[PDB]
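Peer 1: So I pulled this structure from the PDB, and the sequence comes with it:
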Amino acid sequence: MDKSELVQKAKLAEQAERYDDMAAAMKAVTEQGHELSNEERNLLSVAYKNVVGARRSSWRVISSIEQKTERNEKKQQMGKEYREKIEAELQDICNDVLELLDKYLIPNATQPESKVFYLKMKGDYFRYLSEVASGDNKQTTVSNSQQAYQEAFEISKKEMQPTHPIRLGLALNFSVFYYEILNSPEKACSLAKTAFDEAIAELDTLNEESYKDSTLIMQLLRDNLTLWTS
Amino acid sequence: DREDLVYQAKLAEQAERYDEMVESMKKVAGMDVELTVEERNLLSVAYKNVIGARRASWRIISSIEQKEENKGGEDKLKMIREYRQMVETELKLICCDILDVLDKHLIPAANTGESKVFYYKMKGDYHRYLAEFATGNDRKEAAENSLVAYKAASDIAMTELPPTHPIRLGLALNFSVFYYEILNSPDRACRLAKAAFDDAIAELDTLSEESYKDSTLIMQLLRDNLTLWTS
Amino acid sequence: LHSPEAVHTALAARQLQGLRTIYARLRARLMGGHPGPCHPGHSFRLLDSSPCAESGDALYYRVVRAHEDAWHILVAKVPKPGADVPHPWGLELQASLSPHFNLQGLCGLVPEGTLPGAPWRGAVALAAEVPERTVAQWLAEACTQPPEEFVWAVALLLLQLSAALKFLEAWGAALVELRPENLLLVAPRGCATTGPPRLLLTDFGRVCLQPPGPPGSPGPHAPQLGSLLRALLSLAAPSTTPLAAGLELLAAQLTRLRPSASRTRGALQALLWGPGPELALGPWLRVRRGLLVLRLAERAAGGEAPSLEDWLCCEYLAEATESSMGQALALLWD
Amino acid sequence: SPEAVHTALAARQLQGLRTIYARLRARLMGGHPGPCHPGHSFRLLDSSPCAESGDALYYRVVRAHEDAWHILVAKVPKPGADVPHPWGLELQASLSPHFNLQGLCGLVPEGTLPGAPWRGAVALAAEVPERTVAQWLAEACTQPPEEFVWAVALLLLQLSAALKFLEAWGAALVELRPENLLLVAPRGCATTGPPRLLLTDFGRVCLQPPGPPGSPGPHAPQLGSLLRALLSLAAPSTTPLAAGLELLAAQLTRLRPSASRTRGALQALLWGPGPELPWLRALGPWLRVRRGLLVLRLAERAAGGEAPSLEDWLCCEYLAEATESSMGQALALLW
Amino acid sequence: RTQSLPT
Amino acid sequence: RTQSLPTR
């Protein structure tokens, strides 16, 4: 099937709210070895974040039930197996996306904003694996997540405007990794403060078209700082 | 098995994994034993979320097709039509699954007048969801089989359930909607909804508060549909 | 006002809400006084040392059930010795169902040894209603009437039977045989004894599971009804009477087309009160609904109570539609 | 055609109301004793007043003839009572039976019941008394319900039918007072609902020969005074009927309308049209609707086992003989 | 716009 | 409670 028909099926599966179909279409676009345009990057990202978000939500509910059912053994042995069923789907989808990023997207990407976008994705999917992994596999996964975010940050600090929506997007998610995965709330506070202060100082240089996005992300960076400080 | 298959259905409900809730409850339904009120509710909730998600996508894809039919390209419409027909195939497989469970296992096994009215309503509804998207002969056959099932529920309900009972009110709500939408007789739809609402009004004074609040919710759905169809 | 279509519409809607209220008030008096199920607090005593009635399957003796200075009359349904019971699933059905006008309800059971010196041994069911006669005994008396009164009474009994069989077809069950000696006649509650009797179906020992099948399938009772109907009419003195000739057409159509009990009930109502062969069914139904309400008001002023026949007519016209009446006319004149 | 359909239904429903009115009248006017004859015999049931009224005392008496049996009431003149028009006591024996008039069936002479409290011959009435209107007001003024206005309007509707019959005859009542007016239960229809009202005071009725209107009803000032007495004894205005009766009471003393016109205004306040209805044009379609609703009301009560009340019979007499011309006059006197 | 029974 | 970058 031709590339324009795969992209049109992805835009149709999005509106119909069938995200498992949308991800299969955008995987098939990605495997052709062409570099993606801005609409195609957004369709790939929206597809997989909806496919993973369902599993993250279900795993939190069933993992909570296994903490609450402290009394009864013949129930606990069912709760455990059902968590481990969900936990294996979550690990499969993250390894599906990390294969696209390693084999196709990052080795073709030859522009700063494009590399920062994919290195943020590589950071995020190792982060989602670290939410559910345990033992030496957690330590291995946490290292790979930090390596991806820092390489995005050494680019984004140098090649991009301090106000740019994806420089804000990277500073937001890299601060969440320090707060929730490395349990270092001081690093999370000072990073989020630094990025918010850098962005605020230069909004006078920014057109309304970009400012709409920058201010909407900057509010979330202030919300996290307010929660963590309170 | 039975008490653990119900627990797997309660886990899959809270995880929002309704396709696994369906397999858990379909195993319970296949035992040929009278289901409790809890197990009847789990069985309905499972299929109703699984079919409901597909119905919503089918209406959106159909709506998009009607906007593109304003002289859009025939290749783009051919793609939209192939995608819509794929979603219709899933609706056929979900309906024919529950209708076979109802016919073989649940309807023949049912001991009570409440149980038989509930299962003939499910058979009426799952035949009605096939009549939403089918055309020609297969819309006629779906409309006939749905009509027969709601009549059989009604003929039993008049003996077995009070006119204020939530199942007897719910039957009149779904069966009047079937006349307005599927057969398209707005007069019969109004007449049936008004008669069922009038029969309830006479008896609310006899109820407990926790009964009254449950019956009156379905009566308010009858008022709303009557208010709409009167225009 | 000053818009005749609005005047005609508002009165037609209010006359129907009137008929549905009349039907419910009369039903509540006919169905009233049903005893609740037996309890550990209740106690029993025997009025009859020989039966108040005999059915083809059972002997009935009156039993008084009393508790805390409230009491009821019930009948001990003693099975006749040596009788067959083809389907024990139908006996489990009889004890499951809620109260219906034309089906025998059971109030429970008298356990072994309770009534000393009783006409029976072991435990026996108690039925709610007290019977007069079987239909087989009623025919041996009533077929001596002038034929235009006999045929009206027969048509009202077949109307009540078709409603009891309609319920069983909706439930998914069937009678393997229809026998007049197993159909009972009861005096309707609060209504003058010279009216029509209330009919009970009682042979649940012959009720069995019948999977309903596809919508094109034959009805399970139509060959039995078409053979019962002609056996009853064979007793009548021949006349050209429109109802007598109409029932002999319905008998031929039953055994040929094999319709359901609900399509059969619609043809019996059409022979009794419905559109003639000459039928415009909308204006006709509105005129008849208005003439029935006048009959009920003019007699109430006289001081007469509504009869069972008037309640059965109120039931037909309150549910009739130009669809149902067209199907009834099509079955009969075909 | 809806024309021939609603033409035929309107004609058949009016024949229905005429039949309902005649069947209820025949039960409410049933059991009336026929005239005395020299073969008759009597027994006294009671030793003290079976009723008391402003000018008469009442005692209940068995009558027997050829093994037929009746109960009647001897009307003893109260000590100190007087008769302004003795011709009116002849009129009481001369008139036909009427639902709202105290009729007489014959006489009991002295020595027939020598153990009774009276002496001399005493006339006997056909009805058995309960209470006077003044005695019913003595109850009602102590515990006056919010529905007292409705009960009063129905008593005045019945009184206006009696005074209409006198104005249609050659006569009028000279003085009107509630201490003589008597109440009895409706035969075969009795409940907490309205009593039958009897006009009693034939000692105060006289001839009325004028052809021209004069004051168009000789009773009309007296009804105005009686209605204002009843309204001033009642609680304040809490229902539109109370305001309507206050507007009627002024019109009665202002225009002095005939008792037959006064009756129509009371029927219009109870069941008829009002200013909320142009008012002279809608009356035809309004009757076809209003008649249909009464036939339905009667049938639902029959389905419920409730026999028709005296209120339902008075409503049935109004809607049978109602017309667009009579309703236009009733509306003109009210507004 | 028309409503069937919710769950 | 804590926010990560939203889905659009």
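Peer 2: Now that the structure is in, tell me what you want to look at. Numbering: from 1, shown residues only, chains lettered A, B, ... in the order given.

Peer 1: correct me, but residue C:196 touches residue C:155?
Peer 2: No: contact between residue C:196 and residue C:155 fails when scored by Cβ atoms under 8 Å: they sit 10.3 Å apart. For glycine as for every other residue, the C-beta is placed from the backbone atoms N, C-alpha and C.

Peer 1: helices and strands around the longest helix seen in chain B, which ones?
Peer 2: Criterion DSSP state H: the longest helix present in chain B is helix B:37-68. Under the contact definition 3 or more Cβ pairs under 8 Å, 6 or more residues apart in numbering or on different chains; DSSP states H and E, helix B:37-68 sits against helix A:3-15, helix B:2-14, helix B:18-29, helix B:74-101, helix B:113-131.

Peer 1: Distance check, the closest residue to residue C:241 other than its chain neighbours against residue D:196.
Peer 2: Distances taken as Cβ to Cβ, 6 or more residues apart in numbering or on different chains place residue C:148 nearest to residue C:241, at 5.4 Å, with adjacent residues excluded. As for residue C:148, its distance to residue D:196 is 45 Å (criterion: Cβ to Cβ, to the nearest Å).

Peer 1: Also residue C:251?
Peer 2: Taken as Cβ to Cβ, the span from residue C:251 to residue D:196 is 58 Å.

Peer 1: and if you look at residue B:60?
Peer 2: Residue B:60 sits 74 Å away from residue D:196, taking Cβ to Cβ as the criterion.

Peer 1: For those two, work out which one has more neighbours and name it.
Peer 2: residue D:196 (19 against 16; other Cβ atoms under 10 Å in any protein chain shown).

Peer 1: Mind giving me the packing neighbours of the longest helix along chain A?
Peer 2: Counting by DSSP H, the longest helix found in chain A is helix A:38-68. In terms of contacts (3+ Cβ pairs under 8 Å, 6+ apart), helix A:38-68 is packed against helix A:3-15, helix A:19-30, helix A:73-100, helix A:112-130, helix B:2-14.

Peer 1: Can you name every helix or strand that the third one contacts?
Peer 2: Which is helix A:73-100. Helix A:73-100 sits against helix A:19-30, helix A:38-68, helix A:112-130, helix B:2-14, with contacts defined as 3+ Cβ pairs under 8 Å, 6+ apart.

Peer 1: rerun that using 10 Å as the cut-off
Peer 2: On a contact count with 3 or more Cβ pairs under 10 Å, 6 or more residues apart in numbering or on different chains; DSSP states H and E, helix A:73-100 meets helix A:19-30, helix A:38-68, helix A:112-130, helix A:136-159, helix B:2-14, helix B:18-29.

Peer 1: Which part of the stretch 1-150 of chain C gets nearest to chain E, residue-wise?
Peer 2: residue C:13 (22.2 Å; Cβ to the nearest Cβ).

Peer 1: Who are the contact partners of that residue?
Peer 2: B:191, B:194 (Cβ atoms under 10 Å, 6 or more residues apart in numbering or on different chains).

Peer 1: what's the answer for the one 5 residues further on, then?
Peer 2: By Cβ under 10 Å, 6+ apart, residue C:18 lies in contact with C:289-290, C:292-293, C:296, C:314, C:318, D:292-293, D:295-297, D:299-300, D:303.

Peer 1: Pipe the helices and strands packed on helix A:38-68 into JSON lines and attach mean neighbour count per row.
Peer 2: Formatted as JSON lines, the helices and strands packed on helix A:38-68 follow (neighbours: other Cβ atoms under 10 Å in any protein chain shown):
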{"stretch": "helix A:3-15", "mean neighbour count": "18"}
{"stretch": "helix A:19-30", "mean neighbour count": "20"}
{"stretch": "helix A:73-100", "mean neighbour count": "16"}
{"stretch": "helix A:112-130", "mean neighbour count": "22"}
{"stretch": "helix B:2-14", "mean neighbour count": "17"}
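
Peer 1: Next one: the residue most central in space within chain B relative to residue B:37, how far apart?
Peer 2: With distances taken as Cα atoms, centre = their mean, the residue of chain B nearest its centroid is residue B:125 (3.5 Å). In this structure, residue B:125 and residue B:37 are 18 Å apart, going by Cβ to Cβ.

Peer 1: And for residue B:54?
Peer 2: 27 Å.

Peer 1: quick one, which of these two is more surrounded?
Peer 2: residue B:54 (20 against 10).

Peer 1: Helix or strand for the residue of the stretch 1-150 of chain C closest to chain E, just tell me which one.
Peer 2: Taking DSSP states H and E as the definition, residue C:13 sits inside helix C:4-30.

Peer 1: Now the element after that helix, going C-ward?
Peer 2: Downstream of helix C:4-30, the next assigned helix or strand under DSSP H and E is strand C:43-46.

Peer 1: packing partners for that next one?
Peer 2: The contact analysis (3+ Cβ pairs under 10 Å, 6+ apart) places strand C:43-46 against strand C:58-67, strand C:70-79.

Peer 1: Now with 7 Å, please.
Peer 2: In terms of contacts (3 or more Cβ pairs under 7 Å, 6 or more residues apart in numbering or on different chains; DSSP states H and E), strand C:43-46 is packed against strand C:58-67.

Peer 1: coming back round to it: of the helices and strands packed on helix B:37-68, give the one that comes closest to chain D.
Peer 2: helix B:113-131 (27.0 Å).

Peer 1: what's the closest one in contact with?
Peer 2: The contact list for helix B:113-131 (Cβ atoms under 7 Å, 6 or more residues apart in numbering or on different chains) reads B:34, B:40, B:44, B:51, B:55, B:91, B:95, B:98-99, B:102, B:106-107, B:110, B:139, B:142-143, B:145-146, B:149-150, B:152-153, B:156-157, B:159-161, B:167, B:170-171, B:174, B:178, B:182, C:98, C:171.

Peer 1: if we can go back for a sec, residue A:8 is nearest to which of the helices and strands packed on helix A:73-100?
Peer 2: helix A:19-30 (9.0 Å; Cβ to Cβ).

Peer 1: Please compute how far the closest one lies from its chain's middle.
Peer 2: 17 Å (Cα atoms, centre = their mean, to the nearest Å).

Peer 1: got it, and stretch C:57-67?
Peer 2: 22 Å.

Peer 1: got it, and stretch A:25-38?
Peer 2: Distance, centroid of stretch A:25-38 to centroid of chain: 19 Å (Cα atoms, centre = their mean).
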